[PDB]
Peer 1: 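The structure that follows is given in the form of structure tokens.
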Amino acid sequence: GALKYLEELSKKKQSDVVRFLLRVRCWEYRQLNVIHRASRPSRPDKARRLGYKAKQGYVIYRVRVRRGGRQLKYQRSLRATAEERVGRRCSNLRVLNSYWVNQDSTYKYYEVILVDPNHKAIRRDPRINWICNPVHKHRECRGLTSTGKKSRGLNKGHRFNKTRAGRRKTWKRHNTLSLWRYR
Amino acid sequence: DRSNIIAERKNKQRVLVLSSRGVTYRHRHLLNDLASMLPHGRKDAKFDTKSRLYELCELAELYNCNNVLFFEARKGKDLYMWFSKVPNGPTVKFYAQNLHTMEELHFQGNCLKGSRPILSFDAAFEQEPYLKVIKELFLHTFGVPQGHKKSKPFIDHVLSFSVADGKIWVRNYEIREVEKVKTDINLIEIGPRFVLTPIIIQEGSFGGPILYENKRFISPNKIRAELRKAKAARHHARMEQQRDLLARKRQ
Amino acid sequence: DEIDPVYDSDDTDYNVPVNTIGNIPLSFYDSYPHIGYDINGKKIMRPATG
Amino acid sequence: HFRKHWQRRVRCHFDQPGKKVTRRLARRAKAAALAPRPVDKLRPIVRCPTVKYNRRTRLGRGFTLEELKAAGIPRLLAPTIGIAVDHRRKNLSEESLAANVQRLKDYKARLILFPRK
Amino acid sequence: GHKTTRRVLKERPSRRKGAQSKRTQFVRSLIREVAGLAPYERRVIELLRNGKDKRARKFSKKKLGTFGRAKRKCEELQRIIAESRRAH
Amino acid sequence: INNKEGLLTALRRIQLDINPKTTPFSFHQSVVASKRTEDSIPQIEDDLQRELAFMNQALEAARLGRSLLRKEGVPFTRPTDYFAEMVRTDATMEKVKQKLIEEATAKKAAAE
Amino acid sequence: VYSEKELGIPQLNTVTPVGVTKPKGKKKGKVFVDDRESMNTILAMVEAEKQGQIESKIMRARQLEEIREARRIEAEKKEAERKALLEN
RNA sequence: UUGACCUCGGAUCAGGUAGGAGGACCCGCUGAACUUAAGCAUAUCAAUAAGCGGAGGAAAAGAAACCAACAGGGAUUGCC
RNA sequence: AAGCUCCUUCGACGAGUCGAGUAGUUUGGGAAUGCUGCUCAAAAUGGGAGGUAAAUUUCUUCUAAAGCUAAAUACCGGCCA
């Protein structure tokens, strides 16, 4: 149940213990590189909930991206930028999923969970050999992660008529003139 | 003193002008106009529809407000306007229709924000027992106490309530003084123009027994349901005609 | 129990100005001996010259 | 209504008979694979939603759990013997329950089962 | 409308999504104790001990954004104060 | 449902004294007309007549109010040197002025 | 372009008051400026817009102060005239 | 004196993997103007062209925090 | 190893995420149509979306912030016919 205790603790973010840990940890990340290998998940409950397993093949990389805006607003998220940069550095791995770990005033810190598609453990284990399949190359670059789905608007209902099933696809379908043989 | 009033006898009245969640931009503009005209009253943002309506009586106690003007929007189309006295007074629910706001450029009139208004009421407001309870609730809300420190000193506008249909028509005019020909008043409409159909008066702050119910109110949702039923009836009539014609053809 | 319609020491309108002048610029009254009017309709005279 | 570029977004259906032939060949591919079996699954009878169309019934997605139970067909066996299952639908009425259990009884009466291996 | 015989449906666990978990409530209480309070919660506690409960409600609304959230936060903090007084 | 006794009881519980023998018009500033706007509006769809009736009711109220307030000694006329915030902004008055200008210009231009 | 005086444009009430307007086509009562103080205040305003922009803050303040003093003396003299004609 | 753990490194260490091409169709980012109309301004062209990134034989979407208000329907996709 | 049945026993469901304010962009869609950036920052008979003048916010319908999945669909490119 320790993961449930950590879930409640992580929901209590501005509490004294979590605030102290986030401060001293933000200083560490600022002393380290902008993108670096994290030996272990800093938030194990979040990692395991997002799909991190303690196998050979699951890697965690931490990244800091500058926050703010370009008054122009970027349509994708800082999560998407961090995921794309981590994937480009680890071009041989598949980006499984990322999560916020620390904010700071000038940067923003995300840990990205990645899977090795070429490792034998990953290849033999189901539940991950789907990411071994070649249709999942650079999901972070194509918007196939959680932040990509959120930004593209993959929800069902009246509030997502234009954006579900692909915005450009829907626009093209609505703007095609269909002419049949017997008109 | 803590009243923000300087007068021999103090009419200590304060209003909480509050909006619901599904309120549209036109209703928000109306609320802004009324709040600007009310110096003893302060704004309040979207109110949860899942909350109980008497929770509005504990919001009033927080801001020390004895009167509440509640804008409840239904389907994002219809405004229902509530007037109450918290915590034990009468409450009135109205349906608000025909809204025009001060930003409409056909008005031509303007007035001092906070100036005390001359309140004009039609004669029916002293005849029908229900319209007399609405009157005291209007006087307490759109009254602007005598010595309130947030008021302006010179008075230049009249707020009129008239009973023309079974509805209350609210108008706002600037009193323009023009010299007589060898000073008299002209009126120029300045502000909000809305119509209120009374629905219920209930003895209580937002509950208790009902003292008045219209029995003649037609709902916009009733109109919409009638239109939908008419469309369905047309389709059903076409289907019935097809069936009867097929039977006759078989015969 | 009834409510006392009174302002507490936390309300934005506890301390109300005497000027009875709204959010308008003071570019007006630049050439006038007075600055605004009070509640009772009496104008507020400028204090002195520095 | 041609303010946009319909010329670069225009589509013609010159392959209507070609797609018809392709779909017919696909149905024969399914029946070559599932040769003694019907090329579809048994679908329930459902009343259309709105007041405009509530006088008629159509075919739904799948049969409900308790109407399968009343028909006597086990849950884990129905998709295997060729019955569509819909865990989202609720009967809410003895009329729909009875209509669908009668349909499943008719399927039972007209079905032939082969004994495993 | 039409006359159809109503059927009593079984309870839905998706409807039982409403949380009655005693163990989850235990975990929330223990984590509250261990982690402590946010600075705005400290402000609300300070106001509640000094009796400025109306001000506390106003500040909680300003920090959270909704009457209901402010009310629940103030109730939780008042429970913390009562339990602390009982424990001391 | 029209409970007149209950309506009057509730009215008594919230009624602030407005009797002119003891309460001044400067204190209450509410005028009740001596005639119905019903009797002056034959047809409710006639916008001109409806607005005229409303304006006349407000005008009678304003005249009586000015008389009573000048009797009681309350300032009424806004001084030329009193500049204060309005319920409608200078920008809004500028747009109203500009639309008036363009309407008059269009009419006189058609005449020319 | 046509003048707002030529066009029958109504006066609009803003932060600058319209005041008691005069009926159109009727006798606009002529108020006469023959007092030395009234000439002083009109002259002070005229010289203010003629001189215009001044770098020195104290100089701008003194210009505004002399206009204010002119208005004050005008008001005092007019009130004195009012008193004189009301009593004697 | 020695030995564990943590963290960080070296190696032409053992075994692997990415880059580029193609881009008709597909998923994202970025992003105009010519044109039309209107006192003026928004709007229109167009969420298009151009630019950048990423896959496949399809891609994408997808098994309701959906639609409804009915006697209800029941993941996604496409045609009328 | 598995399915079902019954029950004097249990039943854990995703947080800088919802939401509030605000700026830009976008949509037929200020109940903001969606998205992004900044500030604040949740809940547990909870949360989201609708219905409703019906007298109080009753009723209806679903569980978001983790993931996979063929077919019907597109195609000026690839191997051909």
Side-chain angles (χ1 to χ4, degrees), chain A residues 1 4 7 10-11 13-14 39 49-51 67-69 71-77 84 91-92 97 100 103 116-118 127 130 134-135 137-138 141-144 146 148 150-169 171 178, chain B residues 21-25 45 49-53 73-76 80 93 95 199-200 202 206-207 210 213-214 217 219 221, chain D residues 3-5 23 46-51 54 60-61 74 76 86 88-89 92-93 95-96, chain E residues 1-4 13-14 17-21 23-25 28 62-66 68-69 72-73, chain F residues 102:
Chain A
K4 185 183 286 185
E7 190 205 340
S10 296
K11 293 187 286 185
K13 266 168 186 72
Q14 287 207 27
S39 60
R49 168 189 324 140
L50 287 188
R67 61 185 294 169
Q71 66 182 356
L72 269 298
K73 301 304 190 293
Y74 184 30
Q75 282 316 290
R76 304 179 57 176
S77 297
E84 185 178 1
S91 66
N92 58 277
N97 203 356
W100 180 99
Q103 64 182 357
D116 189 358
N118 299 117
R127 312 179 186 124
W130 62 264
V135 69
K137 308 193 188 159
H138 291 295
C141 291
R142 264 184 308 149
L144 269 298
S146 200
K150 180 67 174 66
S151 296
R152 284 155 67 197
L154 282 72
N155 294 80
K156 52 178 67 174
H158 281 316
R159 298 185 181 260
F160 306 93
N161 302 277
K162 309 269 147 62
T163 180
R164 73 167 173 266
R167 176 180 59 82
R168 308 201 166 57
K169 194 201 197 185
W171 175 89
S178 60
Chain B
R21 308 267 323 272
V23 168
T24 68
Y25 79 103
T49 304
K50 303 300 178 180
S51 59
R52 300 170 154 270
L53 273 164
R74 285 291 188 74
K75 199 185 288 282
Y80 286 93
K93 170 194 205 162
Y95 165 60
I199 303 172
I200 56 164
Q202 65 183 357
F206 291 92
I210 296 169
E213 185 206 286
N214 198 353
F217 173 60
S219 177
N221 285 327
Chain D
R3 297 176 71 91
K4 310 199 181 133
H5 287 95
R23 287 185 307 252
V46 289
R47 330 260 327 173
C48 292
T50 313
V51 51
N54 66 1
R61 181 178 176 85
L76 279 163
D86 190 6
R88 274 175 304 251
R89 189 164 63 87
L92 294 180
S93 80
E95 292 82 4
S96 71
Chain E
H2 198 256
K3 181 72 172 65
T4 51
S14 174
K17 181 69 176 177
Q20 295 97 15
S21 297
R23 193 225 173 181
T24 300
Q25 296 297 102
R28 312 225 173 101
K62 192 147 182 210
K63 300 301 267 193
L64 277 173
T66 293
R69 296 172 177 221
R72 282 203 160 121
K73 181 58 69 179
Chain F
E102 66 182 1

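Note on naming: letters A, B, ... go to the chains in the order of the sequence lines (proteins, then strands), and numbering restarts at 1 for each one.
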Peer 1: Centres under 5.5 Å and planes under 30° for the six-membered rings of H/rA63 and H/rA64?
Peer 2: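 Stacking between H/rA64 and H/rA63 is absent - centres under 5.5 Å, planes under 30° not both met.
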
Peer 1: In plain terms, say whether D/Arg47 and D/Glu95 are close enough for a salt bridge, that is, a side-chain N and a carboxylate O under 4.0 Å apart.
Peer 2: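 Salt bridge flag = no for D/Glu95 with D/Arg47.
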
Peer 1: So, are I/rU22 and I/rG37 a pair, meaning Watson-Crick or G-U wobble with each of the two distances under 3.5 Å?
Peer 2: yes

Peer 1: Under 4.0 Å, counting only non-hydrogen atoms across every strand here, what does A/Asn161 touch: a base, just sugar-phosphate, or nothing?
Peer 2: base

Peer 1: When you list every nucleotide of RNA chain I with an atom under 4.0 Å from a heavy atom of chain D, which one comes first 5' to 3', and which comes last?
Peer 2: I/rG3 to I/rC75

Peer 1: How would you label the contact of D/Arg23 with the nucleic acid (heavy atoms, under 4.0 Å): base, sugar-phosphate, or nothing?
Peer 2: nothing

Peer 1: Would you tell me if any nitrogen or oxygen in the side chain of A/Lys137 comes within less than 4.0 Å of OP1 or OP2 on H/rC27?
Peer 2: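 False: A/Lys137 side-chain N/O out of range (4.0 Å or more) of H/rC27 OP1/OP2.
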
Peer 1: Determine the interatomic distance between P on H/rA65 and the same-named atom on H/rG10; round to the nearest Å.
Peer 2: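 To the nearest whole Å, 47 Å.
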
Peer 1: Tell me whether the OP1 or OP2 atom of H/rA68 has a side-chain N or O from A/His158 closer than 4.0 Å.
Peer 2: yes

Peer 1: Expressed in whole Å, how much space separates the P atoms belonging to H/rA24 and H/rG73?
Peer 2: 47 Å

Peer 1: I want to verify a distance call: between H/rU48, H/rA60, H/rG54, whose nearest atom is closest to the A/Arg167 side chain?
Peer 2: H/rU48

Peer 1: Counting any heavy atom closer than 4.0 Å, what does B/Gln202 reach on the DNA or RNA strands: base, sugar-phosphate only, or nothing?
Peer 2: sugar-phosphate

Peer 1: Taking the purine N1 to pyrimidine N3 distance and the second Watson-Crick contact, or the two G-U wobble contacts, each under 3.5 Å, tell whether I/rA64 pairs with I/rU45.
Peer 2: no

Peer 1: Tell whether D/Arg3 reaches the base of H/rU36 with its side chain through a donor-acceptor pair below 3.5 angstrom.
Peer 2: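 For D/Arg3, whose side chain was compared with the base of H/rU36, there is a donor-acceptor pair (under 3.5 Å).
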
Peer 1: Give me the stems containing RNA chain H, sorted by first residue, counting only three or more consecutive Watson-Crick or G-U pairs with both distances under 3.5 Å; say none if there aren't any.
Peer 2: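 Stem segments, range with range: H:26-29 with H:51-54.
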
Peer 1: Would you tell me if any nitrogen or oxygen in the side chain of D/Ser93 comes within less than 4.0 Å of OP1 or OP2 on H/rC70?
Peer 2: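 No, no such contact exists.
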
Peer 1: What contact category does A/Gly69 fall into here, base, sugar-phosphate, or nothing, at under 4.0 angstrom with non-hydrogen atoms?
Peer 2: sugar-phosphate

Peer 1: On RNA chain I, compare the nucleotides closest to E/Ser14 and E/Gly18; which residue's is nearer the 5' end?
Peer 2: E/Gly18

Peer 1: Report the glycosidic orientation of H/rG22: syn if within 90° of 0, anti in every other case.
Peer 2: anti

Peer 1: Please state whether the rings of B/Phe217 and B/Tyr80 are parallel, tilted or perpendicular, taking 30° and 60° as the class boundaries.
Peer 2: perpendicular

Peer 1: Using a heavy-atom cut-off of 4.0 Å across all strands, would you classify B/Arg21 as base, sugar-phosphate, or nothing?
Peer 2: sugar-phosphate

Peer 1: Is A/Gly153 touching bases, backbone alone, or none of the nucleic acid, heavy atoms closer than 4.0 Å?
Peer 2: nothing

Peer 1: Taking CG from A/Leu154 and P from H/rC66, how many angstroms apart are they, rounded to a whole number?
Peer 2: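 The distance from CG of A/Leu154 to P of H/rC66 comes to 15 Å, rounded to the nearest Å.
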
Peer 1: Under 4.0 Å, heavy atoms only, any strand: does D/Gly60 hit a base, just the sugar-phosphate, or nothing?
Peer 2: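 Sugar-phosphate: the residue D/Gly60, judged by heavy atoms under 4.0 Å, touches backbone atoms but no base.
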
Peer 1: Does the ring of A/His138 lie flat against the base of H/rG54, closer than 5.5 Å centre to centre with planes under 30°?
Peer 2: no

Peer 1: Would you confirm whether A/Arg152, through its side chain, and A/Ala165, through its main-chain N or O, come within 3.5 Å as a donor-acceptor pair?
Peer 2: no

Peer 1: Heavy atoms only, 4.0 Å cut-off, all strands: where does B/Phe206 land among base, sugar-phosphate and nothing?
Peer 2: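 Since no nucleic acid heavy atom lies under 4.0 Å of B/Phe206, the category is nothing.
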
Peer 1: What about I/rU57 and I/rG50: are they a Watson-Crick or G-U wobble pair, with both distances under 3.5 Å?
Peer 2: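 No.
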
Peer 1: Mark yes or no for whether A/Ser151, through its side chain, and A/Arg76, through its backbone, hold a donor-acceptor pair below 3.5 Å.
Peer 2: no

Peer 1: Want to settle it: does F/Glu102 or A/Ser178 sit nearer the 5' end of RNA chain H, counting the closest nucleotide to each?
Peer 2: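 Checking each residue's closest nucleotide, the 5'-ward one belongs to F/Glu102.
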
Peer 1: Taking atom CZ of A/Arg67 as the centre, does the number of heavy atoms from other residues, nucleotides or ligands within less than 6.0 Å exceed 12?
Peer 2: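 More than 12 heavy atoms, drawn from other residues, nucleotides or ligands, come within 6.0 Å of this atom.
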
Peer 1: Looking at every strand, decide which applies to D/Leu76 at a 4.0 Å heavy-atom threshold: base, sugar-phosphate, or nothing.
Peer 2: sugar-phosphate

Peer 1: Does a side-chain N or O of D/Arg88 approach OP1 or OP2 of H/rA64 to a distance below 4.0 Å, or not?
Peer 2: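 For D/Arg88, the contact criterion (side-chain N or O under 4.0 Å from OP1 or OP2 of H/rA64) is met.
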
Peer 1: Rounded to whole Å, how long is the line connecting atom CG of B/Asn221 with atom P of H/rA69?
Peer 2: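 One finds 13 Å between P of H/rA69 and CG of B/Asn221, rounded.
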
Peer 1: Would you kindly indicate whether the side chain of A/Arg142 approaches major-groove or minor-groove atoms to under 5.0 Å?
Peer 2: minor

Peer 1: Pick the P atom in H/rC27 and in H/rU44, then give their distance to the nearest Å.
Peer 2: 23 Å

Peer 1: With RNA chain H as reference, determine whether A/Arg164 or E/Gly1 sits nearer its 5' end, using the nearest nucleotide of each.
Peer 2: E/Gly1

Peer 1: Which whole number of Å gives the distance between the P atom of H/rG78 and that of I/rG51?
Peer 2: 27 Å

Peer 1: Would you confirm whether the neighbouring bases H/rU76 and H/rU77 count as stacked, given the thresholds of 5.5 angstrom between ring centres and 30 degrees between planes?
Peer 2: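 Between H/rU77 and H/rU76 there is base stacking, as the criterion is defined here.
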
Peer 1: Nearest-Å distance, CG (A/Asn155) to P (H/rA65)?
Peer 2: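 Rounded to whole Å, this separation is 7 Å.
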
Peer 1: Taking the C1' atom in each of I/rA54 and I/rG29, what is the distance between them to the nearest angstrom?
Peer 2: 30 Å

Peer 1: Base, sugar-phosphate alone, or nothing: which one does D/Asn54 contact when heavy atoms must sit under 4.0 Å apart?
Peer 2: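 If one applies the 4.0 Å heavy-atom cut-off, D/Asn54 turns out to touch a base.
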
Peer 1: If we take the P atom in both H/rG54 and I/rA1, what is their distance in whole Å?
Peer 2: 50 Å

Peer 1: Looking at every strand, decide which applies to A/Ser39 at a 4.0 Å heavy-atom threshold: base, sugar-phosphate, or nothing.
Peer 2: sugar-phosphate

Peer 1: What nucleic acid atoms does A/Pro134 come within less than 4.0 Å of, heavy atoms only: base, sugar-phosphate, or nothing?
Peer 2: sugar-phosphate

Peer 1: Could you pull out all residues at least two apart from D/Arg61 that satisfy salt bridge (charged side-chain N to carboxylate O under 4.0 Å, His left out)?
Peer 2: none

Peer 1: Can you tell me, in whole Å, how much space there is between the P of I/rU61 and that of I/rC10?
Peer 2: 30 Å

Peer 1: Start at the 5' end of RNA chain I and walk down; is the nucleotide closest to B/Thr49 or to A/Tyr74 reached first?
Peer 2: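 Closest to the 5' end, via its nearest nucleotide, is A/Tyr74.
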
Peer 1: Within the structure shown, what part of the strands sits under 4.0 Å from A/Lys150 by heavy-atom distance: base, sugar-phosphate, or nothing?
Peer 2: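 Result for A/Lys150 = sugar-phosphate.
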
Peer 1: Report which part of the nucleic acid B/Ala73 touches: base, sugar-phosphate, or nothing (heavy-atom distance under 4.0 Å, all strands).
Peer 2: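 Nothing, no nucleic acid heavy atom in range.
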
Peer 1: Using the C1' atom in both, what is the distance from H/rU77 to H/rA60, to the nearest Å?
Peer 2: 10 Å

